[PDB]
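Residue numbers (the numbering used here), protein chains in the order written: chain A, 1 to 171; chain B, 172 to 342.
Note that CB positions come from ideal geometry on N, CA and C, so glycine has one too.
Below is one structure; the comments refer to it alone.
Protein chains: 2
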Amino acid sequence: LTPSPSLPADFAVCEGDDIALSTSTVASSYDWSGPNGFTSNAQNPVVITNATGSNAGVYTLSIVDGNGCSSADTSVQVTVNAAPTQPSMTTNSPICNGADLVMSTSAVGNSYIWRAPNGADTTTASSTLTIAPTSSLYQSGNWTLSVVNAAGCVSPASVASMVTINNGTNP
Amino acid sequence: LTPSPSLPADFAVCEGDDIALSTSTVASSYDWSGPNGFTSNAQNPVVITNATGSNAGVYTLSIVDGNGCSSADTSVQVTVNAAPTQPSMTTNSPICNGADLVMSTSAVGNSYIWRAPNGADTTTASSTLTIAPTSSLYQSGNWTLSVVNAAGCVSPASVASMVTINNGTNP
């Protein structure tokens with residue numbers, strides 16, 4: 001009798017990540033089925049990319065062995081962890097060069113990602129970021145926020161805030 | 172008995188490169204299978220272009236010979252080396268014509284690629300580039316950085332930095 005095929009332990013992925021299922025066994029044929037009509041006949045089904053809530057559920061696999069007999073069914077549960085909604089960023093925009101630049105949000109999560117106009121990326125535990133005039137982050141331009149939740153899921157970036165750092169004079 | 176088909180030695184490609192598998196043998200039919208449900212019946216399967224992490228894994232080939240008999244299976248392992256994340260470029264922008272132009276990053280890798288606005292391309296081992304006023308690279312416009320890691324993988328280019336070279340006067 002063909003012992004059942006071997007599947008991975010239960011999965012959890014972040015929304016937007018990829019769900020890759022596979023089996024470690026050997027068969028004449030494989031037969032997979034699941035949520036959102038996922039069917040395949042491979043020992044490595046096409047990966048479900050950009051997975052969402054509709055891809056969560058129970059995936060089932062059975063095989064036909066070399067003797068021509070079907071195995072018992074086995075299954076793996078896969079879930080998808082939702083990301084936070086788009087966060088809102090508030091700044092202290094008209095800042096005079098030399099004054100501290102402060103940015104903050106009202107969004108919650110385990111950490112916040114503050115993306116500088118030139119791609120520099122600083123992560124804080126706090127909802128409020130202070131940038132010194134001597135930092136590589138003390139730059140003008142369009143700043144955005146992304147928020148990380150308990151599952152490690154990252155929210156869509158916020159609408160950029162335009163930061164202006166002004167120069168005064170020396171009369 | 173049909174000896175197994177001959178495959179290439181294990182592969183490694185950079186992410187974004189192409190994975191081209193083939194066999195050197197002769198068969199009535201070929202049967203390939205692999206990661207991300209790659210199946211084919213050729214002695215030269217369609218090349219997987221723009222390969223990514225999901226294309227890494229073990230590719231398996233078996234054939235049917237001229238006598239009508241199946242060969243034993245053989246396989247090749249193929250991996251994919253990830254590129255660094257988008258690097259951040261910082262310049263010394265308002266430079267007075269005749270002063271040295273300096274560009275730098277915080278990104279790491281074996282080498283850095285500094286791409287001039289007109290396409291000139293200089294590679295440095297250092298994270299900091301100095302351009303003399305007498306160099307063909309002493310030019311204004313939008314400059315970008317790409318970073319090369321240990322595997323030879325090249326990161327996505329940085330957000331361009333606008334470099335301004337100003338002219339003073341002669342009163």
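For B/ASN268, the secondary structure class from DSSP, reduced to helix, strand or coil, is strand.
Going by beta carbons, B/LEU272 and B/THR301 fall inside the 9 angstroms limit. With three or more CB-CB distances shorter than 8 angstroms, the segment 275-289 of chain B counts as touching the segment 247-265 of chain B. By the beta-carbon neighbour count (other beta carbons within 10 angstroms, threshold 16), B/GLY228 is buried.
For B/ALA183, the enclosing beta strand (DSSP E) starts and ends at 182-185. With fewer than 16 other Cβ atoms inside 10 Å of its own Cβ, A/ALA72 counts as exposed. For the segment 109-128 of chain A, residues whose beta-carbon sits nearer than 8 angstroms to a beta-carbon of chain B comprise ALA116, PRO117, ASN118, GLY119, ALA120 and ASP121. For the pair A/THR74 and A/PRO5, the CB atoms are nearer than the 9 angstroms cut-off.
Going by C-alpha positions, B/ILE219 is about 18 angstroms away from B/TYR201. The DSSP assignment places 228-235, 245-252, 265-267, 272-276 and 282-286 as complete runs of the beta strand (DSSP E) inside the segment 204-291 of chain B, in order along the chain (cut-off: 3 residues). Near chain A, meaning a CB-to-CB distance below 7 angstroms, the residues of the segment 252-281 of chain B are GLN257, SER259, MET260 and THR261. Close to A/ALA42, with beta-carbon spacing below 8 angstroms, are these residues of chain B in chain order: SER204, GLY208 and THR210. Shortest Cα-Cα distance from A/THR144 to any of A/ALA150, A/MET103, A/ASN41 and A/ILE165 involves A/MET103. In summary, B/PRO206 is buried, with 16 or more beta-carbon neighbours lying within 10 Å of its beta-carbon over all protein chains present.
The straight-line gap separating the alpha-carbon atoms of B/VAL184 and A/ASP18 is approximately 21 angstroms. The beta-carbon separation of B/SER264 and B/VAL334, rounded to 6 angstroms, stays under the 8 angstroms limit for a contact. Contacts with chain B at 9 angstroms (Cβ-Cβ) do not include A/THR2. When DSSP reads this structure, A/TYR30 sits in a beta bridge with A/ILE63.
According to the DSSP secondary-structure assignment, B/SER317 is paired through a beta bridge with B/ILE284. The beta-bridge partner set that DSSP reports for A/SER161 consists of A/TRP143. At a beta-carbon threshold of 8 angstroms, the residues of chain B lying near A/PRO45 are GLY208, ordered along the chain. With a threshold of 9 angstroms between beta carbons, A/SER70 makes no contact with chain B. Residue-level contact check: A/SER6 does not touch chain B, since none of the beta carbons of chain B fall below 9 angstroms from its beta carbon.
For A/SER136, the residues of chain B that pass the 9 angstroms Cβ criterion are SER259, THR261 and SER277, in the order they occur in the chain. Sequence-distant Cβ neighbours of B/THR299 in its own chain, meaning closer than 6 angstroms and more than five residues away, are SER275. Contact check for A/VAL76 against A/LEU137 fails: the beta carbons are separated by 9 angstroms or more. Nearest to B/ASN313 by alpha-carbon distance, out of B/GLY290, B/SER332 and B/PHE209, is B/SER332.
Cβ contact annotation for B/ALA321 (same chain, cutoff 8 angstroms, sequence separation greater than five): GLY280 and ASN281, in chain order.
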